[PDB]
């Protein structure tokens, strides 16, 4: 099957944790992914390796890792690739409990027009 692992930055302040939880809850409401887990980059648990361990624990063979980050940075271009064990020539390979699970690392949000939409909603106090 296929899992979605959402990945966000650590903050010491709890706002980002709630952000990731609620995002995972809404993507769960769309019922397109059997397993949806969350992972925090720093400070707070779960840690991202925990997200992957639990995604496989419920039975996933392909773990889609989505950087829940506006722009690229050190975290998305260096930290997360190394935490998940991605590298050159190959995309991703995890070998656990007699199971070969593949990882696919996705892109940040970027300058999507929907961010613009939200920006303008906010500008008008909405």
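Numbering follows the first chain given and starts at 1.
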Worksheet item: Per the entry, where is the mean C-alpha temperature factor higher: 64-72 or 42-50?
Response: 42-50
Discussion item. Using only the C-alpha B-factors in the record, can you name which of 9, 106, 12, 114 has the highest?
Written reply: 12
Discussion item. Please say which third, lowest, middle or highest, residue 91 falls into when its CA temperature factor is compared across its chain.
Written reply: highest
Practice prompt. Determine, from the deposited record, the chain-internal third of the Cα B-factor for residue 35: lowest, middle or highest.
Written response: lowest
Discussion item. Could you place residue 25 in the lowest, middle or highest third of its chain by Cα temperature factor, using the values in the record?
Written reply: lowest
Worksheet item: Lowest, middle or highest third of the chain for the C-alpha temperature factor of residue 85?
Response: highest
Worksheet item: What third of its chain's C-alpha B-factors does residue 120 belong to: lowest, middle or highest?
Response: middle
